[PDB]
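To be precise, the following lines are data.csv, and they hold CSV, N, CA and C atoms.
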chain,number,residue,atom,x,y,z
A,1,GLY,N,78.4,19.4,23.8
A,1,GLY,CA,78.1,20.4,22.9
A,1,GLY,C,77.2,19.8,21.8
A,2,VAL,N,77.3,18.5,21.6
A,2,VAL,CA,76.5,17.9,20.6
A,2,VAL,C,76.1,16.4,21.0
A,3,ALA,N,74.9,16.2,21.4
A,3,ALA,CA,74.5,14.9,21.8
A,3,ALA,C,73.2,14.6,20.9
A,4,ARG,N,73.2,13.4,20.4
A,4,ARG,CA,72.0,13.0,19.6
A,4,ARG,C,71.1,12.2,20.4
A,5,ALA,N,69.8,12.2,20.1
A,5,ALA,CA,68.8,11.4,20.8
A,5,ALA,C,68.1,10.6,19.8
A,6,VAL,N,68.7,9.4,19.4
A,6,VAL,CA,68.1,8.5,18.4
A,6,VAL,C,68.1,7.2,19.1
A,7,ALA,N,67.0,6.5,19.2
A,7,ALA,CA,66.9,5.3,19.8
A,7,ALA,C,66.1,4.3,19.0
A,8,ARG,N,66.6,4.0,17.8
A,8,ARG,CA,66.0,3.1,16.9
A,8,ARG,C,66.7,1.8,16.8
A,9,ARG,N,66.0,0.8,16.3
A,9,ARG,CA,66.6,-0.5,16.1
A,9,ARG,C,67.6,-0.5,15.0
A,10,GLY,N,68.9,-0.4,15.4
A,10,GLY,CA,69.9,-0.4,14.4
A,10,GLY,C,70.6,1.0,14.5
A,11,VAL,N,69.9,2.0,14.9
A,11,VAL,CA,70.4,3.3,14.9
A,11,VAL,C,70.2,3.9,16.4
A,12,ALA,N,71.2,3.7,17.2
A,12,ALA,CA,71.2,4.2,18.5
A,12,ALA,C,72.2,5.4,18.7
A,13,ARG,N,71.9,6.2,19.6
A,13,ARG,CA,72.7,7.4,19.8
A,13,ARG,C,74.1,7.1,20.5
A,14,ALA,N,75.1,6.9,19.7
A,14,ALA,CA,76.4,6.8,20.1
A,14,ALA,C,77.2,8.0,19.9
A,15,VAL,N,76.5,9.1,19.8
A,15,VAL,CA,77.0,10.4,19.6
A,15,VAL,C,76.7,11.3,20.8
A,16,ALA,N,77.7,11.5,21.6
A,16,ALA,CA,77.5,12.2,22.8
A,16,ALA,C,78.8,13.0,23.1
A,17,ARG,N,78.8,14.2,22.6
A,17,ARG,CA,79.9,15.1,22.9
A,17,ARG,C,79.4,16.3,23.7
A,18,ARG,N,80.2,16.9,24.4
A,18,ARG,CA,79.8,18.0,25.2
A,18,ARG,C,79.6,19.3,24.4
Any chance you could put this one into structure tokens?
Amino acid sequence: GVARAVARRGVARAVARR
């Protein structure tokens, strides 16, 4: 229901909820 798409050096997307 809530997934983030951030792929930066230091800030990666560890947010992945349905």
*Write down as number ranges by chain the residues of chain A whose backbone DSSP state falls under strand (DSSP E or B).*
A: 2-3, 7, 12, 16-17
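Counting from CA of residue 18 (chain A), the distance to atom N of residue 4 (chain A) is 9.4 Å.
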*asked:* What does the structure give for the distance between atom C of residue 3 (chain A) and CA of residue 17 (chain A), in Å to one decimal?
replied: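 Separation of atom C of residue 3 (chain A) and CA of residue 17 (chain A): 7.0 Å.
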_Given the point (75.4, 9.4, 21.7) in the file's coordinates, find the residues that have an atom at most 8 Å from it, counting all atoms listed in the file, and give them as a PyMOL selection string._
chain A and resi 2-6+12-17
Repair of region 5-18 of chain A at the level of N, CA, C and O atoms, as a PDB file, in the frame of the given file:
ATOM      1  N   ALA A   5      69.800  12.200  20.100  1.00  0.00           N
ATOM      2  CA  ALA A   5      68.800  11.400  20.800  1.00  0.00           C
ATOM      3  C   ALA A   5      68.100  10.600  19.800  1.00  0.00           C
ATOM      4  O   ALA A   5      66.990  10.913  19.282  1.00  0.00           O
ATOM      5  N   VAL A   6      68.700   9.400  19.400  1.00  0.00           N
ATOM      6  CA  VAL A   6      68.100   8.500  18.400  1.00  0.00           C
ATOM      7  C   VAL A   6      68.100   7.200  19.100  1.00  0.00           C
ATOM      8  O   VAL A   6      69.177   6.704  19.490  1.00  0.00           O
ATOM      9  N   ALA A   7      67.000   6.500  19.200  1.00  0.00           N
ATOM     10  CA  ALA A   7      66.900   5.300  19.800  1.00  0.00           C
ATOM     11  C   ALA A   7      66.100   4.300  19.000  1.00  0.00           C
ATOM     12  O   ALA A   7      64.985   3.884  19.322  1.00  0.00           O
ATOM     13  N   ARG A   8      66.600   4.000  17.800  1.00  0.00           N
ATOM     14  CA  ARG A   8      66.000   3.100  16.900  1.00  0.00           C
ATOM     15  C   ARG A   8      66.700   1.800  16.800  1.00  0.00           C
ATOM     16  O   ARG A   8      67.837   1.699  17.241  1.00  0.00           O
ATOM     17  N   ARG A   9      66.000   0.800  16.300  1.00  0.00           N
ATOM     18  CA  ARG A   9      66.600  -0.500  16.100  1.00  0.00           C
ATOM     19  C   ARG A   9      67.600  -0.500  15.000  1.00  0.00           C
ATOM     20  O   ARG A   9      67.239  -0.556  13.828  1.00  0.00           O
ATOM     21  N   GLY A  10      68.900  -0.400  15.400  1.00  0.00           N
ATOM     22  CA  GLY A  10      69.900  -0.400  14.400  1.00  0.00           C
ATOM     23  C   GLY A  10      70.600   1.000  14.500  1.00  0.00           C
ATOM     24  O   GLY A  10      71.826   1.058  14.214  1.00  0.00           O
ATOM     25  N   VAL A  11      69.900   2.000  14.900  1.00  0.00           N
ATOM     26  CA  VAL A  11      70.400   3.300  14.900  1.00  0.00           C
ATOM     27  C   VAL A  11      70.200   3.900  16.400  1.00  0.00           C
ATOM     28  O   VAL A  11      69.161   4.400  16.695  1.00  0.00           O
ATOM     29  N   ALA A  12      71.200   3.700  17.200  1.00  0.00           N
ATOM     30  CA  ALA A  12      71.200   4.200  18.500  1.00  0.00           C
ATOM     31  C   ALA A  12      72.200   5.400  18.700  1.00  0.00           C
ATOM     32  O   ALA A  12      73.088   5.538  17.837  1.00  0.00           O
ATOM     33  N   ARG A  13      71.900   6.200  19.600  1.00  0.00           N
ATOM     34  CA  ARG A  13      72.700   7.400  19.800  1.00  0.00           C
ATOM     35  C   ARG A  13      74.100   7.100  20.500  1.00  0.00           C
ATOM     36  O   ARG A  13      74.208   7.078  21.711  1.00  0.00           O
ATOM     37  N   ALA A  14      75.100   6.900  19.700  1.00  0.00           N
ATOM     38  CA  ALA A  14      76.400   6.800  20.100  1.00  0.00           C
ATOM     39  C   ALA A  14      77.200   8.000  19.900  1.00  0.00           C
ATOM     40  O   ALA A  14      78.449   8.047  19.727  1.00  0.00           O
ATOM     41  N   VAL A  15      76.500   9.100  19.800  1.00  0.00           N
ATOM     42  CA  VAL A  15      77.000  10.400  19.600  1.00  0.00           C
ATOM     43  C   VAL A  15      76.700  11.300  20.800  1.00  0.00           C
ATOM     44  O   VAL A  15      75.486  11.630  21.010  1.00  0.00           O
ATOM     45  N   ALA A  16      77.700  11.500  21.600  1.00  0.00           N
ATOM     46  CA  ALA A  16      77.500  12.200  22.800  1.00  0.00           C
ATOM     47  C   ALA A  16      78.800  13.000  23.100  1.00  0.00           C
ATOM     48  O   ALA A  16      79.731  12.520  23.675  1.00  0.00           O
ATOM     49  N   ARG A  17      78.800  14.200  22.600  1.00  0.00           N
ATOM     50  CA  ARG A  17      79.900  15.100  22.900  1.00  0.00           C
ATOM     51  C   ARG A  17      79.400  16.300  23.700  1.00  0.00           C
ATOM     52  O   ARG A  17      78.182  16.555  23.606  1.00  0.00           O
ATOM     53  N   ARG A  18      80.200  16.900  24.400  1.00  0.00           N
ATOM     54  CA  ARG A  18      79.800  18.000  25.200  1.00  0.00           C
ATOM     55  C   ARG A  18      79.600  19.300  24.400  1.00  0.00           C
ATOM     56  O   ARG A  18      80.522  20.090  24.166  1.00  0.00           O
TER      57      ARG A  18
END
